[PDB]
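Counting begins at 1 with the first residue of the sequence.
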Amino acid sequence: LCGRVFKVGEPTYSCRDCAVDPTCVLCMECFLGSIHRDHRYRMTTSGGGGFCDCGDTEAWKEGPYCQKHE
Ligand SMILES: [Zn+2]
Ligand SMILES: [Zn+2]
Ligand SMILES: [Zn+2]
C-alpha cells in the first residue's frame, strides 16, 4: 500500500539479507520502519522511476511490510 514512485536523486534501500533479488527496494519511510534497518542494507540513489516494494511478499524473504503499512 506504499507504492511510492522514486524521484530523481532519491535514496532507495535494499536488504542484502532479505531481498529476493537486487531490484527489490524500500523507500526511506518504509526502510526506517522495517526490520531491515538492523540488517546488511544497500542504499542506491534513484535516477528517477522505479517504486517501493513494501508489502510485496514475493520481494522479501522476511519482513515484507514496514510498521506503517502492515
Ligand atoms: Zn515505501
Ligand atoms: Zn511501508
Ligand atoms: Zn532484511
Review point. Can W60 be reached from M43 by stepping across I, L, V, M, F, W or Y side chains whose heavy atoms are under 4.5 Å apart?
Key: yes

Check your understanding: Would you say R42's side chain and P22's backbone share a donor-acceptor pair under 3.5 angstrom?
Key -> yes

Check your understanding: Looking only at heavy atoms, which two atoms of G49 and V5 are closest? And how far apart?
Key -> CA-CG1, 4.3 Å

Review point. Where do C30 and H69 land on the side chain to side chain contact (heavy atoms under 4.5 Å, CB included) test, with the steps shown first?
Key: CA-CA 8 Å; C30 294; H69 296 113; 3.5 Å; yes

Review point. Pick from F31, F6, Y13: which one makes a side chain to side chain contact (heavy atoms under 4.5 Å, CB included) with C52?
Key: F6

Study note, to complete from the structure: OG of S14 to CZ of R40, rounded to nearest 0.5 Å, is 10.5 Å

Check your understanding: Of the non-hydrogen atoms in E62 and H36, which two are nearest, and what is the gap between them?
Key -> O-CE1, 3.2 Å

Exercise for review: Can you measure from CZ (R4) to CE (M28) and round to the nearest 0.5 angstrom?
Suggested key: 8.0 Å

Point to revise | Closest heavy-atom pair and its distance - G63, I35 | key: CA-CD1, 3.7 Å

Practice item. Considering non-hydrogen atoms only, spot the tightest contact between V8 and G47 and give its length. Key: CG2-O, 3.6 Å

Check your understanding: For the residue pair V25 and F51, what are the closest heavy atoms and their distance?
Key -> CG2-O, 3.6 Å

Check your understanding: Can you tell which of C54, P11, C2 makes a side chain to side chain contact (heavy atoms under 4.5 Å, CB included) with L26?
Key -> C54

Revision key, fill the gap. For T57 and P64 the tightest heavy-atom approach is CG2-CG, 3.8 Å

